[PDB]
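K.L.:
Below is a structure I'd like to ask you about.
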Amino acid sequence: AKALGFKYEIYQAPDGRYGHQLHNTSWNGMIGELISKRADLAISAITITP
Amino acid sequence: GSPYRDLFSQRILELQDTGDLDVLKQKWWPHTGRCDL
């Protein structure tokens, strides 16, 4: 935001516990919020799986 | 304008989840001793 010149807003996760592949064929935590697609960005320690 | 790069990198971490990357190293360059390590 300081070297590109645009803006931001901040949510908080309702689970916040390294969100998981649920039994609902779904993701909780920070993960499914961007899969229900109801936030925009997530900046954390992300151990990427394929 | 190239959708396949995810489709590229899809296998890539999968290869990283194998280590077949290193298996593909071993053909053109094996990891063992040139004379004795």
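Here's how to read the names in the structure tokens: chain A, B, ... by the order shown, residue numbers from 1 in each chain, ligand numbers from 1 in the order shown.
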Which residues are close to segment 15-20 of chain A, i.e. within 8 Å by only C-alpha atoms, leaving aside same-chain residues fewer than 2 positions away? Reply as a PyMOL selection string.
P.N.:
chain A and resi 12-13+22+27-32
K.L.:
Residues of the last selection are to be written out with N, CA, C and O atoms, as an mmCIF file, in the first residue's frame.
P.N.:
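So result_17.cif came out as:
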```cif
data_model
loop_
_atom_site.group_PDB
_atom_site.id
_atom_site.type_symbol
_atom_site.label_atom_id
_atom_site.label_comp_id
_atom_site.auth_asym_id
_atom_site.auth_seq_id
_atom_site.Cartn_x
_atom_site.Cartn_y
_atom_site.Cartn_z
ATOM 1 N N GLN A 12 -11.283 -10.239 10.498
ATOM 2 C CA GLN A 12 -10.746 -11.209 11.446
ATOM 3 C C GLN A 12 -11.451 -12.543 11.227
ATOM 4 O O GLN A 12 -12.659 -12.573 10.976
ATOM 5 N N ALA A 13 -10.696 -13.658 11.317
ATOM 6 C CA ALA A 13 -11.316 -14.959 11.067
ATOM 7 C C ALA A 13 -12.138 -15.403 12.277
ATOM 8 O O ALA A 13 -11.743 -15.156 13.419
ATOM 9 N N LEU A 22 -12.689 -29.364 5.609
ATOM 10 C CA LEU A 22 -13.743 -29.879 6.469
ATOM 11 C C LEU A 22 -14.282 -31.198 5.929
ATOM 12 O O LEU A 22 -13.918 -31.666 4.847
ATOM 13 N N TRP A 27 -13.690 -25.565 3.389
ATOM 14 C CA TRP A 27 -12.577 -25.063 4.174
ATOM 15 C C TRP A 27 -13.088 -24.097 5.232
ATOM 16 O O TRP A 27 -13.994 -23.303 4.970
ATOM 17 N N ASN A 28 -12.565 -24.215 6.447
ATOM 18 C CA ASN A 28 -12.901 -23.272 7.499
ATOM 19 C C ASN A 28 -11.740 -22.306 7.724
ATOM 20 O O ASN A 28 -10.788 -22.244 6.937
ATOM 21 N N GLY A 29 -11.820 -21.556 8.823
ATOM 22 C CA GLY A 29 -10.751 -20.653 9.215
ATOM 23 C C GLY A 29 -10.604 -19.495 8.252
ATOM 24 O O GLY A 29 -11.583 -18.895 7.796
ATOM 25 N N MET A 30 -9.355 -19.183 7.928
ATOM 26 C CA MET A 30 -9.064 -18.154 6.945
ATOM 27 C C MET A 30 -9.243 -18.668 5.524
ATOM 28 O O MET A 30 -9.361 -17.867 4.588
ATOM 29 N N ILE A 31 -9.342 -19.984 5.354
ATOM 30 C CA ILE A 31 -9.211 -20.581 4.033
ATOM 31 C C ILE A 31 -10.509 -20.453 3.251
ATOM 32 O O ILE A 31 -10.529 -19.924 2.134
ATOM 33 N N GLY A 32 -11.614 -20.924 3.829
ATOM 34 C CA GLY A 32 -12.875 -20.943 3.110
ATOM 35 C C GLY A 32 -13.533 -19.591 2.977
ATOM 36 O O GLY A 32 -14.457 -19.445 2.172
#
```
K.L.:
For the contact check between chain B and chain A, emit one row per residue of chain B within 7 Å, containing the shortest atom pair and the distance in Å rounded to one decimal, counting only C-alpha atoms, chain then rising number order, as JSON lines.
P.N.:
```
{"residue": "B:10", "atom": "CA", "partner": "A:50", "partner_atom": "CA", "distance": 6.0}
{"residue": "B:13", "atom": "CA", "partner": "A:50", "partner_atom": "CA", "distance": 6.2}
{"residue": "B:14", "atom": "CA", "partner": "A:50", "partner_atom": "CA", "distance": 6.5}
```
K.L.:
Export N, CA and C atoms of the chosen residues as a PDB file, in the first residue's frame?
P.N.:
```pdb
ATOM      1  N   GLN B  10       0.749 -26.971 -10.859  1.00  0.00           N
ATOM      2  CA  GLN B  10      -0.024 -27.996 -10.179  1.00  0.00           C
ATOM      3  C   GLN B  10       0.817 -29.244 -10.016  1.00  0.00           C
ATOM      4  N   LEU B  13       4.539 -28.654  -7.472  1.00  0.00           N
ATOM      5  CA  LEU B  13       4.543 -28.965  -6.050  1.00  0.00           C
ATOM      6  C   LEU B  13       4.279 -30.439  -5.815  1.00  0.00           C
ATOM      7  N   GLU B  14       3.479 -31.065  -6.687  1.00  0.00           N
ATOM      8  CA  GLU B  14       3.302 -32.508  -6.618  1.00  0.00           C
ATOM      9  C   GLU B  14       4.623 -33.218  -6.849  1.00  0.00           C
TER      10      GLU B  14
END
```
K.L.:
Give me, as an MDAnalysis selection string, all polymer residues having an atom no more than 10 Å from residue 41 of chain A, counting only C-alpha atoms and skipping those fewer than 3 positions away in the same chain.
P.N.:
chainID A and resid 8:11 30 33:34 37:38 44
K.L.:
Go ahead and write the residues just picked, C-alpha atoms, as a PDB file, in the first residue's frame.
P.N.:
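Saved the output as selection16.pdb:
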```
ATOM      1  CA  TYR A   8      -7.001  -1.777   2.286  1.00  0.00           C
ATOM      2  CA  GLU A   9      -9.525  -3.088   4.801  1.00  0.00           C
ATOM      3  CA  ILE A  10      -9.080  -5.749   7.489  1.00  0.00           C
ATOM      4  CA  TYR A  11     -11.285  -8.637   8.684  1.00  0.00           C
ATOM      5  CA  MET A  30      -9.064 -18.154   6.945  1.00  0.00           C
ATOM      6  CA  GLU A  33     -13.562 -17.236   3.621  1.00  0.00           C
ATOM      7  CA  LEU A  34     -11.702 -16.802   0.315  1.00  0.00           C
ATOM      8  CA  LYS A  37     -14.947 -15.598  -1.377  1.00  0.00           C
ATOM      9  CA  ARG A  38     -16.155 -13.112   1.230  1.00  0.00           C
ATOM     10  CA  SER A  44       0.051 -15.616   6.901  1.00  0.00           C
TER      11      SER A  44
END
```
K.L.:
Expressed in Å to a single decimal, how great is the separation between atom CA of residue 15 of chain B and atom CA of residue 23 of chain A?
P.N.:
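Computing the Euclidean distance for atom CA of residue 15 of chain B and atom CA of residue 23 of chain A yields 26.8 Å.
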